[PDB]
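One chain is shown next in structure tokens, namely the form solved without the named molecule.
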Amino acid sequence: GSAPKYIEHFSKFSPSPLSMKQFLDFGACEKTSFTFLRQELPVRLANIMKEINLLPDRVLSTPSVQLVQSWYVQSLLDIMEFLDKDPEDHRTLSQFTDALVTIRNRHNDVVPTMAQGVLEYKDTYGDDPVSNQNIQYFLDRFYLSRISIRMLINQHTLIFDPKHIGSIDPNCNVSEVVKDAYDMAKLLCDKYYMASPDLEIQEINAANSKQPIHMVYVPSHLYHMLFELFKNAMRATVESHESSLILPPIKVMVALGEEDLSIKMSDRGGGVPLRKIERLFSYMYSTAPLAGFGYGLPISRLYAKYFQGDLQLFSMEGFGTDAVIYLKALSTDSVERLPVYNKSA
């Protein structure tokens, strides 16, 4: 077999970041998506596969890594089939879509699979800060790459099976998605705890204080992030108050500025000492109910970063925690953030 040759070839190429605009202007032909993706997925697969291969043998040799390395290989080979093939042939196109869906399914379990390798490494080699930064360095890049690939595939499979453009809503109502995520977190919270804090949403449209706040975004991504933040904020409010009688609401502010769309989630759950914040974003130190232990925070932070956003926690121990999602607001500033293989190895 030739996998290491292909990995070599395509890891010479750079992933090509797309903007929201570019993603909408595919709402262009299917032939164009096909010829784009049969180049670009190999480039993006190979770039990460190359980085996996740089991991020390004691990590690389583990079953978890070998297993997802084997998925990445099959998936690269699956797309090779189509490199010679003819876009004009409508059956090349429908077989390609078959092929992407198969690939997407194959990769569904990477997160907990890679999680299992983190746990194995913790017990096998220990949990020193240097182990921590390396796992954090590696997985932020790996998971961000994974997000970027799922985005491409979904965009194709959802368009080439009109208002939403695949996973993108050009008129995304932010408050609508906040409530959706709230309602769902409340459901689970009431289940496990038989009480839930209430929601208050305030909006601030600086430039247009009347108009409700719409953006171009990928709502599932925003949902993912708000869901995780609600779960945390509900767990924290409820547990800090099981003696007490009142449950303070969770307050969400949605601010639209010239360049930032900011979503703050303010809970009154007794907060986190500054010392313990960074650990909350750590894959290693969050590996072992509603919320309490999982990869929600770090991965929610990646979804934010993916379109040049961010996601920050600021607490006040004894008072509560502010979680802020920062997004771009303008589709022009909303460009893929990709980890690229190069010098910095």
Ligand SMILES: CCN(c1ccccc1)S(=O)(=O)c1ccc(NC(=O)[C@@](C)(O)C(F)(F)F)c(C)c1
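Quick note: we count residues from 1 along the sequence shown, nothing fancier.
The same protein also has a form solved in complex with the named molecule, omitted here; what follows describes it.
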{"property": "The unique member of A99, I159, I201, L77 whose heavy atoms fall within 4.5 Å of the named molecule in the deposited bound form", "result": "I159"}
{"property": "Contact residue in the deposited bound form, from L188, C172, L152, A255 (heavy atom within 4.5 Å of the named molecule)", "result": "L152"}
{"property": "Heavy atom of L18 within 4.5 Å of the named molecule in the deposited bound form", "result": "yes"}
{"property": "In the deposited bound form, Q22 touching the named molecule (heavy atom, 4.5 Å)", "result": "yes"}
{"property": "Heavy atom of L37 within 4.5 Å of the named molecule in the deposited bound form", "result": "yes"}
{"property": "Contact flag, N53 vs the named molecule in the deposited bound form, heavy atom cut 4.5 Å", "result": "no"}
